[PDB]
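In order, the protein sequence lines correspond to chains B and A. Here the first sequence stands for residues 6 to 50, 142 to 191, 210 to 258, 272 to 360, 365 to 396, numbered as in PDB author numbering. Here the second sequence stands for residues 6 to 50, 142 to 190, 209 to 258, 271 to 360, 362 to 396, numbered as in PDB author numbering. Worksheet: one structure, shown below.
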Amino acid sequence: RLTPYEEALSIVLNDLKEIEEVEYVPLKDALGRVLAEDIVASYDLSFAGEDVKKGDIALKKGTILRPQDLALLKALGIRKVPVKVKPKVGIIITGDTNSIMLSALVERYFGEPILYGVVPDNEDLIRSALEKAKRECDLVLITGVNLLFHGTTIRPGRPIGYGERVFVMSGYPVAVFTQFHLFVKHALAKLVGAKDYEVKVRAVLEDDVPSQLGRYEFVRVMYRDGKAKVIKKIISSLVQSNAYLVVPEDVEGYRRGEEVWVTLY
Amino acid sequence: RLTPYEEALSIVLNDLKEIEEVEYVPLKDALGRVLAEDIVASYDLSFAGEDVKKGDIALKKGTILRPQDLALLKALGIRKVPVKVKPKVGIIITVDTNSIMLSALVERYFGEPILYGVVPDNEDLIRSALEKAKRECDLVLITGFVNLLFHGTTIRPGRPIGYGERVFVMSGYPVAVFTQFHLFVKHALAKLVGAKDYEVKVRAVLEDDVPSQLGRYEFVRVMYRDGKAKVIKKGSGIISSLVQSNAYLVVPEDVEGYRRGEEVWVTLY
Numbered sequence: 006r007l008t009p010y011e012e013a014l015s016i017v018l019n020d021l022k023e024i025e026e027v028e029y030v031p032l033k034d035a036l037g038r039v040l041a042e043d044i045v046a047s048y049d050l142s143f144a145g146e147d148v149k150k151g152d153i154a155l156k157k158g159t160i161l162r163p164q165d166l167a168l169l170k171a172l173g174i175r176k177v178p179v180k181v182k183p184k185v186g187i188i189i190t191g210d211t212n213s214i215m216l217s218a219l220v221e222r223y224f225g226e227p228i229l230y231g232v233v234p235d236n237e238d239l240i241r242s243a244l245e246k247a248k249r250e251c252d253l254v255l256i257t258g272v273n274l275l276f277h278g279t280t281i282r283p284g285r286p287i288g289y290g291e292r293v294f295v296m297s298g299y300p301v302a303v304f305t306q307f308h309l310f311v312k313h314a315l316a317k318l319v320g321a322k323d324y325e326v327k328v329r330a331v332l333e334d335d336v337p338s339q340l341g342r343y344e345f346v347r348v349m350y351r352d353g354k355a356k357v358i359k360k365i366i367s368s369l370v371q372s373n374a375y376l377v378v379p380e381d382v383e384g385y386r387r388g389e390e391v392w393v394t395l396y
Numbered sequence: 006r007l008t009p010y011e012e013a014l015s016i017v018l019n020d021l022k023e024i025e026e027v028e029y030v031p032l033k034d035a036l037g038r039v040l041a042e043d044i045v046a047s048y049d050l142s143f144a145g146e147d148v149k150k151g152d153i154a155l156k157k158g159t160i161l162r163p164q165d166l167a168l169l170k171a172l173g174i175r176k177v178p179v180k181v182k183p184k185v186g187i188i189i190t209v210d211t212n213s214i215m216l217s218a219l220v221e222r223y224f225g226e227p228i229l230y231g232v233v234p235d236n237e238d239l240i241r242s243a244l245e246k247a248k249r250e251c252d253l254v255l256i257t258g271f272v273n274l275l276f277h278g279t280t281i282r283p284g285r286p287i288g289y290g291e292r293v294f295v296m297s298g299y300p301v302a303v304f305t306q307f308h309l310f311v312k313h314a315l316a317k318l319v320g321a322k323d324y325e326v327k328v329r330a331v332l333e334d335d336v337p338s339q340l341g342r343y344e345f346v347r348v349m350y351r352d353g354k355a356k357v358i359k360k362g363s364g365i366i367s368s369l370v371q372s373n374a375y376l377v378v379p380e381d382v383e384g385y386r387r388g389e390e391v392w393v394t395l396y
């Protein structure tokens, strides 16, 4: 009884509320951080007011601050910036490469990894580590709860579940990576109000893309200069790729030479 | 008598030798650093080694380490990764938004920023401020002395830019400074650390006309989304065009401009 992907995504997203916890940091330390509210020019910056006019929104809420954003803030006199507090993500691992991969994935995507390291196969130990993680963390990821769903149409990573602020993820690296990009990433963004975290590009396929109806497929690709090389394939598939093509459940596949969308890592 | 951009750029890159100084850092801290050397697998990781086989290069020198790159290193048992020691980049300024803009830009592009603050437009004070930065840094940026290999190029904005002896003489205008960083400093930093694949060109259909002129290498700020590029209307003291963009288009000087509806290359910030 697999939950179609888009459906599953909406469940997880509808079950999470943007965190309203604001905190203030010096400009230097604001790079990469998510702007907690609109910034309104309090004065003006060639009959001037060209840059930004008093009362206009200089930067919007959920802006992932870049070097030029810091530059603007400075020009507006803002010494300390209001930024969202990083969602703490507990990382539990059951039995080891996922611990560091997920730690880095969550750092790259607005979160604060919290590493509970490994937990052996004992439903007791697992349960405590997990309940511990649930108390300490805004969101928890455990590798293989009242699950709003378990088992999905994604490939790989079908067995994924989400319930009560926790994702039950796979144990295979590429499946963990797929699960993060198709689920966790979007969850982390809604929690912090991040805007423009994904870049979609047009690419022409250098290869065929074998798929199958009924599966939402995550395909790894090396995207370069308007072209995508499908990585035939096992961590090497992720290292040899820099982007991903999705093949929905009603698309049987794609043919060498046609144009599609890939999303950059 | 202006230097043409590409001629100018290869002058800077060819005068810079890759730093071969390495440091070993734990995996937890290796994210985004540049792998200093090819890593060959000591192990085998559906047949054995399908992932990586003994004696093969698992990761190439120059790789900007990503979450999965670190995961492969753990699999290979490399608790301490040989990474390049960040080039140190002195920032001298002659209020000021360039200090913090450049500092983040260098941070974003492989270097370690070192602030020397503002110095009076006093020639003596500039000379010693420079000399101090040359002693401590692999590269120096002065906004606002030097045996320059060129001074003034075809680029717009940021035309007066000069380079010589590890120092870029940069503009005082935010948009010119940003322009000069992406067209020159970013590349000089990459050459120094030996970074591979540090930029992404994408195809975009223009939502607007891109007016330019022959004789000038134009840096055009754009907002790229969903196969489309929106041209930002606005060096230049107006940093709002920098923030309302996420990519840039180059108009290479033997091109008068581009028209609405035409497809082009834009480079993501």
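Virtual Cβ for every residue (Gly too), placed ideally from N, Cα, C.
What separation, rounded to the nearest whole angstrom, lies between the Cα atoms of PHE271 (chain A) and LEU253 (chain A)? As a first step, residue 271 (chain A) is located in the second sequence; it is residue number 145 there, counting from the start. As a first step, residue 253 (chain A) is located in the second sequence; it is residue number 139 there, counting from the start. The alpha-carbon atoms of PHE271 (chain A) and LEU253 (chain A) are separated by roughly 15 Å.
At a cut of 8 Å, does the stretch 14-27 of chain B reach the stretch 307-319 of chain B through at least three beta carbon pairs? yes
Neighbourhood of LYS354 (chain A) by C-beta, 7 Å cutoff - its chain only, sequence neighbours within 5 removed: Working through the second sequence from its first residue, we reach residue 354 (chain A) at position 228. Cβ neighbours of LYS354 (chain A) beyond the five flanking positions: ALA330, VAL331 and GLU333.
Once you ignore the five residues that flank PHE143 (chain A) on each side, which residues in its own chain have a CB closer than 7 Å to its CB? Within the second sequence, the letter at position 47 stands for residue 143 (chain A). Cβ neighbours of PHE143 (chain A) beyond the five flanking positions: none.
Which of helix, strand or coil does DSSP assign to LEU155 (chain A)? Walking along the second sequence from the start, residue 155 (chain A) turns up at place 59. Strand at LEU155 (chain A).
Nearest to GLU250 (chain A) by CA position, among A:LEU275, A:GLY186 and A:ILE281, is which residue? Mapped onto the second sequence, residue 250 (chain A) falls at position 136. Nearest C-alpha to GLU250 (chain A): A:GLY186.
Name the chain A residues whose beta carbon is nearer than 7 Å to that of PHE276 (chain B)? Position 149 of the first sequence, counted from the start, is the residue given in the question as residue 276 (chain B). Going along chain A, no residue has its Cβ under 7 Å from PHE276 (chain B), so there is no contact; the nearest lies around 26 Å.
Meets three-Cβ-pair contact criterion under 8 Å: the stretch 32-50 of chain B and the stretch 148-160 of chain A: no
Can you grab the Cα-Cα spacing for the pair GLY320 (chain A) / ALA247 (chain B), in whole Å? Here residue 320 (chain A) corresponds to residue number 194 of the second sequence, with the count starting at 1. Here residue 247 (chain B) corresponds to residue number 133 of the first sequence, with the count starting at 1. The alpha-carbon atoms of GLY320 (chain A) and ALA247 (chain B) are separated by roughly 40 Å.
For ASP43 (chain A) and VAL181 (chain A), the rounded distance between their alpha carbons: Sequence index remark: in the second sequence, residue 181 (chain A) carries index 85 (1-based). Sequence index remark: in the second sequence, residue 43 (chain A) carries index 38 (1-based). In a straight line, the C-alpha of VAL181 (chain A) is about 16 Å away from that of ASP43 (chain A).
Less than 8 Å between the beta carbons of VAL293 (chain B) and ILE287 (chain B), yes or no? Taking the first sequence and counting its residues from 1, one reaches residue 293 (chain B) at position 166. Taking the first sequence and counting its residues from 1, one reaches residue 287 (chain B) at position 160. Their beta carbons are not under 8 Å apart, which means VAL293 (chain B) does not touch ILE287 (chain B) by this criterion.
Applying a beta-carbon distance threshold of less than 8 Å, which residues of chain A neighbour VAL346 (chain B)? Within the first sequence, the letter at position 219 stands for residue 346 (chain B). Result: empty, since nearest Cβ-Cβ is about 15 Å, beyond 8 Å.
Would you please verify whether the beta carbon of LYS322 (chain A) is less than 8 Å from any beta carbon of chain B? Working through the second sequence from its first residue, we reach residue 322 (chain A) at position 196. No, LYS322 (chain A) lies away from the interface with chain B (no Cβ there is under 8 Å from its Cβ).
Give me the Cα-Cα distance between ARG387 (chain A) and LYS327 (chain A), rounded to the nearest whole angstrom. In the second sequence, residue 387 (chain A) corresponds to position 260, counting from 1. In the second sequence, residue 327 (chain A) corresponds to position 201, counting from 1. Roughly 19 Å separates the two Cα atoms.
Is the beta carbon of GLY284 (chain A) closer than 8 Å to that of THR305 (chain A)? Residue numbering aside, residue 305 (chain A) sits at position 179 when the second sequence is read from its first letter. Residue numbering aside, residue 284 (chain A) sits at position 158 when the second sequence is read from its first letter. Yes.
Indicate whether at least one CB of chain A lies closer than 8 Å to the CB of residue 4 (chain B). With chain B covering 6 to 396 only, the question about residue 4 (chain B) has no answer from this structure.
Rounded to whole angstroms, what is the Cα-Cα separation between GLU344 (chain A) and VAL177 (chain A)? In the second sequence, the residue the question calls residue 344 (chain A) occupies position 218. In the second sequence, the residue the question calls residue 177 (chain A) occupies position 81. Their backbone Cα atoms lie some 40 Å apart in a straight line.
By the three-class DSSP mapping on this structure, what secondary structure does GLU12 (chain A) have? Taking the second sequence and counting its residues from 1, one reaches residue 12 (chain A) at position 7. The answer is helix: DSSP assigns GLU12 (chain A) an H, G or I state.
Can you give me the start and stop residues for the alpha helix (DSSP H) that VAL303 (chain A) sits inside? Locating residue 303 (chain A) in the second sequence gives position 177, counting from the first residue. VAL303 (chain A) -> alpha helix (DSSP H) spans 300-306.
For chain A, is any of its Cβ atoms less than 8 Å away from the one on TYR396 (chain B)? Here residue 396 (chain B) corresponds to residue number 265 of the first sequence, with the count starting at 1. Yes, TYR396 (chain B) lies at the interface with chain A (some Cβ there is under 8 Å from its Cβ).
Please identify, using Cβ separations under 7 Å, the residues of the stretch 366-383 of chain B that lie next to chain A, in order along the chain. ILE366, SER367, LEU369 and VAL370
Spell out the partners DSSP gives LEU332 (chain A) in its beta bridges. Translated into the one-based positions of the second sequence, residue 332 (chain A) becomes position 206. A:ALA355, per the DSSP bridge assignment.
Among B:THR8, B:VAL303 and B:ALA41, whose alpha-carbon lies nearest the alpha-carbon of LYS322 (chain B)? In the first sequence, the residue the question calls residue 322 (chain B) occupies position 195. Per the Cα distances, B:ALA41.
Anything in the stretch 275-308 of chain A with a Cβ closer than 7 Å to a Cβ of chain B? List those residues in chain order, please. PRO300 and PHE304
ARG222 (chain A) CB to nearest chain B CB: under 8 Å? Along the second sequence, read from residue 1 onward, the residue named residue 222 (chain A) stands at position 108. Taking Cβ atoms only, chain B reaches closer than 8 Å to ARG222 (chain A), which makes this a yes.
Grouping DSSP H, G and I as helix and E and B as strand, with all else coil, what is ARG222 (chain A)? Taking the second sequence and counting its residues from 1, one reaches residue 222 (chain A) at position 108. Helix, per DSSP.
For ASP335 (chain B) and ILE153 (chain A), the rounded distance between their alpha carbons: Within the second sequence, numbered from 1, the residue matching residue 153 (chain A) stands at position 57. Within the first sequence, numbered from 1, the residue matching residue 335 (chain B) stands at position 208. For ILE153 (chain A) and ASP335 (chain B), the distance between alpha carbons rounds to 27 Å.
Can you tell me whether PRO178 (chain B) is helix, strand or coil according to DSSP? For this step, residue 178 (chain B) is matched to residue 82 along the first sequence. Correct three-state label for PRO178 (chain B): strand.
Three or more C-beta pairs below 8 Å linking the stretch 161-169 of chain B and the stretch 214-227 of chain B: no
May I ask you to report which of helix, strand or coil DSSP gives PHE310 (chain B)? In the first sequence, the residue the question calls residue 310 (chain B) occupies position 183. The answer is helix: DSSP assigns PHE310 (chain B) an H, G or I state.
Determine whether the beta carbon atoms of residue 193 (chain B) and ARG342 (chain B) lie at a separation below 8 Å. In this structure residue 193 (chain B) is absent; chain B steps straight from 191 to 210.
8 Å Cβ shell around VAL382 (chain B) - same chain, five flanking residues per side excluded: One-based indexing of the first sequence puts residue 382 (chain B) at position 251. Cβ neighbours of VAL382 (chain B) beyond the five flanking positions: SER338 and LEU340.
Among residues of its own chain, excluding the 5 on either side of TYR375 (chain B), which ones have a beta-carbon nearer than 7 Å to its beta-carbon? Here residue 375 (chain B) corresponds to residue number 244 of the first sequence, with the count starting at 1. Excluding sequence neighbours, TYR375 (chain B) sits near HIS308, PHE345, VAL346, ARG347, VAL348, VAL393 and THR394.
Spatial neighbours of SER213 (chain B) within its chain, please: C-beta separation below 8 Å, excluding the five flanking residues on both sides. Working through the first sequence from its first residue, we reach residue 213 (chain B) at position 99. So the qualifying residues of the chain are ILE187, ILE189, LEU229, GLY231 and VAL232.
Shorter than 7 Å, the distance from the beta carbon of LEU376 (chain A) to the closest heavy atom of the ligand PLP, or not? Looking at this structure, you won't find the ligand PLP or any other ligand, since it has none at all.
Can you give me the start and stop residues for the alpha helix (DSSP H) that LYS246 (chain B) sits inside? The sequence position of residue 246 (chain B) within the first sequence is 132, counting from 1. Here the alpha helix (DSSP H) through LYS246 (chain B) covers 237-250.
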